[PDB]
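So the structure is just underneath, and the comments pick up after that.
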Number of protein chains: 4
Amino acid sequence: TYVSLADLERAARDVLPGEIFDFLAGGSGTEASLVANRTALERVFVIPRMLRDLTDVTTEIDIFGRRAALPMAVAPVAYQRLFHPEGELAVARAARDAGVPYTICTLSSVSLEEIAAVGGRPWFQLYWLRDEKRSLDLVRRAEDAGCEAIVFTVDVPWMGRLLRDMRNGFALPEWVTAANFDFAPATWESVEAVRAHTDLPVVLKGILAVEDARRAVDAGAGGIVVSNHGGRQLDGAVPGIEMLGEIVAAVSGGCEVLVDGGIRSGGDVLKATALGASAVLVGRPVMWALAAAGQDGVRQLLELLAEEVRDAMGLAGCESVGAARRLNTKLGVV
Amino acid sequence: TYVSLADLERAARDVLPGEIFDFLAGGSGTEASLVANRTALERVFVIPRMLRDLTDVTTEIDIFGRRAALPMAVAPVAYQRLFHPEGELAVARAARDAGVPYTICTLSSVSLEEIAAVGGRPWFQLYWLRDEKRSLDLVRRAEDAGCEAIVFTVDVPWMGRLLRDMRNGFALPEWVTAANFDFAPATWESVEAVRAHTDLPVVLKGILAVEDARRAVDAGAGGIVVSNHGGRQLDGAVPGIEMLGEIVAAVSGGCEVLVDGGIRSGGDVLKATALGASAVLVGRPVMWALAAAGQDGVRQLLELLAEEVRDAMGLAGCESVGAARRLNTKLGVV
Amino acid sequence: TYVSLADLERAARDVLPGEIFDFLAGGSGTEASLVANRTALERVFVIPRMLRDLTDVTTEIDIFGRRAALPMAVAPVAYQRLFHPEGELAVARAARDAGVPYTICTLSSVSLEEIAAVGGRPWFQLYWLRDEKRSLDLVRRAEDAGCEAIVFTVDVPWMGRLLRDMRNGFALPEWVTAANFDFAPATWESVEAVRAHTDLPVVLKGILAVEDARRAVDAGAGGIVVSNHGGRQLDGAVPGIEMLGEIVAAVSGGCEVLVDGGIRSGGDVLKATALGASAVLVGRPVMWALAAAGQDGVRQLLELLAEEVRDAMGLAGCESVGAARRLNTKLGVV
Amino acid sequence: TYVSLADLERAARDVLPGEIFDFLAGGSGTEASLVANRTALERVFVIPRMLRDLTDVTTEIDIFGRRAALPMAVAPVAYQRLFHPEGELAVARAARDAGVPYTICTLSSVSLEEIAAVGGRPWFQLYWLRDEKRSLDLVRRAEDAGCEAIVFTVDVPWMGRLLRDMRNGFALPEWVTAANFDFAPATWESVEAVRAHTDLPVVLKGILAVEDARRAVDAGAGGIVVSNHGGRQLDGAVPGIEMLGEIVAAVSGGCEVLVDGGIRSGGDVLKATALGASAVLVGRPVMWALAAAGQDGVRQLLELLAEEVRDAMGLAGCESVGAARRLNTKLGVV
Ligand SMILES: Cc1cc2c(cc1C)[n+]([C@@](O)(C(N)=O)c1ccccc1)c1c(=O)[nH]c(=O)[nH]c1[n+]2C[C@H](O)[C@H](O)[C@H](O)COP(=O)(O)O
Ligand SMILES: Cc1cc2c(cc1C)[n+]([C@@](O)(C(N)=O)c1ccccc1)c1c(=O)[nH]c(=O)[nH]c1[n+]2C[C@H](O)[C@H](O)[C@H](O)COP(=O)(O)O
Ligand SMILES: Cc1cc2c(cc1C)[n+]([C@@](O)(C(N)=O)c1ccccc1)c1c(=O)[nH]c(=O)[nH]c1[n+]2C[C@H](O)[C@H](O)[C@H](O)COP(=O)(O)O
Ligand SMILES: Cc1cc2c(cc1C)[n+]([C@@](O)(C(N)=O)c1ccccc1)c1c(=O)[nH]c(=O)[nH]c1[n+]2C[C@H](O)[C@H](O)[C@H](O)COP(=O)(O)O
């Protein structure tokens, strides 16, 4: 029914109201960083290895103590009921059935306790709130509901200027709510409060500067996500993929280094791991599957990605994800 | 009404006679430098910083002793009554209300004494005239009218070959005059005469060679504008943005280093300051706002740019323009 | 009738059912490596030499002890009866008449004994089978039939995901069979078994990593083909042409270094030899000639390539292929 | 009537039979080098100098002892009566009136004695003939007719494959003859014979390798033309402009270094001299002027180029062509 992610997006374009598709597809400003995320992955070529034993090819990884089926998690994407009536529950169920971590947003259209109840060891994405006490109660909620990691999003002191939204007069419909509720910019002091408040690993999403990666490790982060936020925050922010190699070297095994932005295939996952990522986050494509076919859509996308990943690892001579990290790359043209 | 500068230009294209739009939009020769000004800014990506205190984000700067609201001034653009009946007065009033310096041209279609009377601490742009005595009387006029800086334009021994103008038979209409009047190429001797004749800071516009920047500082310039003149002078002249980093390093704090050409957004201002500029000049977009909506148009453009700038600084972790200058960049592709 | 290879392909597009043309033309995944093979050859420019003695310009080479008319062989392409009723026999006859080695596939639609009987010293391309004993009997067959080299294809643990085929529901027609029959991934242990089983030179096709080239030489390979398999295996695998220079230097005369992917002209052959290749393989264009005009088509293509090669060598000042290898190159843009 | 060279070519496209325009416009093979000649000049940007004394801006040069009005000569272009009934005489007259050297071809459609009689100190371009004695008699003819330099073309052991000509069945019409007559590849021995046979400076056209430039100087060449022959010889040969800087450094003042290919404006002339050329050759654009308007056309083109050159030198701060050679450049993108 679907052979690549490309045909998914077309499906979602038909199903969704254009102002919802635009909300999902769009970037900030002139969408330079949105485009650059794809340019970066397309410039990377792999140097595959030949003739290696591929008896037990496995795409599994251990991350934050738990096994995952792929080196991938579902990116935090707010208001998932915009794309399908079951919203976050459809996606979280498909993620659990696929063995892939799911990231519950601070701004989910279903409450985090409900999404966590689905099972499948989920993660919680935090946005720093007005006062510290509410922020730490959010952490506590997610911790009590059984979430396994606090994904502290650090690149949104405020939202980027999403011009597609401005020229649509797009507003949150009234059947979509911030189910976790009945906002202020974070600092390294905020990170310290969260780290002190939880035993869960704390993961900072939106690190792009080598020195912010070093400071994340010193701050006790269990990991970072190297990310320009899908090109929706600072327009002109460097793509995560372009900083990944440097950051991995500076961090020097001190924490997990994830990357997101533009992952559209198993080959892209391979590239990311060959540049040194522990895992990737996938955002928009998961929402395309959700809008096209609900939970079964996302399941199919996750299975198609699982096959593409295992395909690419074997054709490159990698029996484990660790070996994929030891691949070399070469930059190409366009 | 307007979300980016892009939609402004479209507005001005409708309102203006095509031969006036062409006069404003065009470059010299094959317009290679015109295009290259945009290519240069689009190749630059910022490495934003995270989690920094943004309590008092301020886009203000001190330049030539005075406070400015943004790190930006209105570029000198001759014959502004081509674009609107109020011409330079509409733009200067909007500049003053926005806290942004305005550059009165030697070739303004309203006299400099009138434009300065608007208030708002303006600057005077000088073209070297036939004989030294008239040139220095121009300086004296501008100094007496209360102008705060002499912007000595040094890259026009004569005008570039504007081919759009040749193929339109465009000529100055008879309702547009050089209101300052009832021309010869400048040299370093001319700069010295002007410097001796005024206590105002002297700023050389059109410096592109690292060694001309060094000599500007030795000559006593209070600053330079690194500029290929909007691609209207030497076609094939390197973009200012591409020389900015080198020049800033060679000048080593010896004078203010401004840049112009292609600034089209708050992100572009951020890029320029991350490459080391003290401030930028904006030319064509201001004229688009003037032609579309007179003084209120320019006010809106200046406010939209002010928001975009403050947006971009905060998303990049910069509480001051000084911090924006300490950002790193990375060159991308196309 | 035909002046370049370009007009051949058009001819084949008309003659062939679209799902057969797609099977021939297509790559894996998003076809990034397919495209990159052409991008790589188009970025390379030659620095020709002038005024050298061109009395006896000869395109001949000695490879694996035998003389060849051109520094080129026909790439292994399975199921050649898809393109013409005479299939591999038409191509092998044209190859023999042109003095160019022909590579019999494991998956040929005519048996290898028949294709070898055509004459013209052919080569045998091996895919590792289910059990070692069948694999080595294949080698033995080809050796007994008089094949001169075992081209061990090492980059297909399994096939790449050919999306053009998936979206056509393309399947092998019933008049096309694997005539050699009435599959498992290879390892360096497999290479060693083959080397021990034959006195023929063993050539590993699909080497892209410098260290796999070094290991090939240590393994006793008489040569390698530096190849990403025409962009049909790992999508995103670096083009052979981009690794050729490095590999040639690492191998340091230890074995023949061939390259394939994207060769479309005599100039391309020249580029490959200037980067250090001993010879190239040509795949798709030969099938275009086969589909357009059977054996006479391939003969014409081989003659047109022979002239283009000799043309390019002489205009570059090369009397022998050895001299072409001593040419320098320069990388260009797009 | 004409503002740039662009509008000339359009004029010639209308006037000329398409198979004649194609003969003039076309390159060899896939026309990669034809295109690359323009790409190379468009990637080069100048770093202009400011505020320099421009009292006596002069575009004149001394080359081979004689004064020329511009740093430019008309490239050798065979069979000029294809483009206009007056052929080489129209062009040579316009060249003389403009103070620009003219290169008489071995294959001119008017005899060299006639073209030289026009005046204006012309040059003779030599192709090595069947036997040495005829070749040296050609040199002697040109020397006796008063030619001032032997432009020995060294990059045509035979002609490139001009595919536009093959697909037009283009043949020399019967009103166009090789007026110098009633061919064999050259070697360094041929150069030595010519040098011994004439006191005229010998200039080798088609040098692209740094070491061929060194050997040209050792051979006693009074100069070289760094040229890939307008992309009509080896398709894929590096553009002259891309080798010019290296060659100028290796030659180290030992001979004049000219360049051709793609010169289309005064800016292009400036770029070439900033990379170190003594002068350029211009080919196709001169034929466009000849076909559009005969002798007056070429005169207009030469005057338009003279103005563009003087324009560009002054805007870059160069009072002499020597100063233009001391400009720096910067490579850009596309
Ligand atoms: C597409 C998309 C991405 C969003 C997202 C909403 C959408 C519709 N949201 C929003 O914050 C946002 N600013 O848009 C949000 C939207 C509306 C209101 C408030 C917030 C969140 C979020 O909550 N908390 C986060 O940590 N990241 C977010 N991302 C980025 C995502 O997680 C990956 O970084 C990136 O999508 C990888 O790229 P790719 O899609 O190419 O795989
Ligand atoms: C668009 C434009 C730019 C002009 C301008 C006129 C126009 C219509 N004029 C003219 O000299 C000129 N040569 O066109 C002029 C026009 C007509 C007659 C005589 C003179 C002046 C000028 O007086 N004195 C100067 O110092 N600079 C000038 N600029 C360049 C501007 O100040 C910025 O350097 C650049 O515009 C930044 O680029 P961007 O627009 O992308 O922000
Ligand atoms: C176009 C094409 C290339 C094939 C080919 C089939 C086709 C239709 N086959 C296939 O394996 C394949 N995977 O498609 C095969 C097809 C279908 C079923 C099973 C196998 C073989 C093969 O048997 N054994 C090999 O060693 N290489 C193969 N190549 C790659 C070729 O030899 C050159 O490497 C490359 O074509 C140079 O590039 P270019 O064409 O630009 O000159
Ligand atoms: C366009 C053109 C260029 C020719 C030319 C003929 C044409 C129609 N001819 C031909 O040899 C040729 N091979 O085409 C020729 C044609 C037909 C029969 C036999 C010979 C000669 C030639 O006699 N002796 C030479 O030394 N160079 C030649 N060029 C190259 C020229 O002098 C500059 O190198 C280049 O044109 C600079 O580039 P640009 O045009 O961009 O300024």
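Chain A is numbered as in Swiss-Prot, which gives 2-183, 206-357 for the residues shown.
Determined by X-ray crystallography, 2.5 Å, according to the entry header.
A Cβ is built for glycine as well, from the same backbone N, Cα and C atoms used for every other residue.
Swiss-Prot annotations:
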type	residues	note
BINDING	A:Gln126, A:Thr154, A:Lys228, A:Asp283, A:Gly284, A:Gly285, A:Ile286, A:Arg287, A:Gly306, A:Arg307	FMN binding site
ACT_SITE	A:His252	active site, proton acceptor
Q: Report, in whole Å, the straight Cα-to-Cα distance of the residue listed as 'active site, proton acceptor' from A:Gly306 (FMN binding site).
A: 10
Q) Counting Cβ atoms within 10 Å across all protein chains shown, which of the recorded positions A:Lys228, A:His252 comes out on top? A) A:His252
Q. Taking A:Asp183 and A:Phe206 as the residues either side of an unmodelled run of 22, what is the Cα-Cα distance to the nearest Å?
A. 14
Q: Quick one: among the binding-site residues A:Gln126, A:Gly284, A:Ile286, A:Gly306, which has the most Cβ atoms sitting within 10 Å of its own Cβ?
A: A:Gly284
Q.
I need the CA-to-CA distance for A:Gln126 (FMN binding site) versus the residue listed as 'active site, proton acceptor', whole Å please.
A. 13
Q) the residue listed as 'active site, proton acceptor': which of the binding-site residues A:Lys228, A:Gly284, A:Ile286 have a C-alpha within 10 angstroms of it? A) A:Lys228, A:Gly284
**Q.** For the residue listed as 'active site, proton acceptor': DSSP state (helix, strand, coil)
**A.** helix
Q) What is the maximum Cα to Cα distance, in Å and rounded to a whole number, among the residues A:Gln126, A:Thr154, A:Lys228, A:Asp283, A:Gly284, A:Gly285, A:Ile286, A:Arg287, A:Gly306, A:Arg307 annotated as binding FMN? A) 22
Q: Provide the three-state secondary structure of A:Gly306 (FMN binding site) computed with DSSP.
A: coil
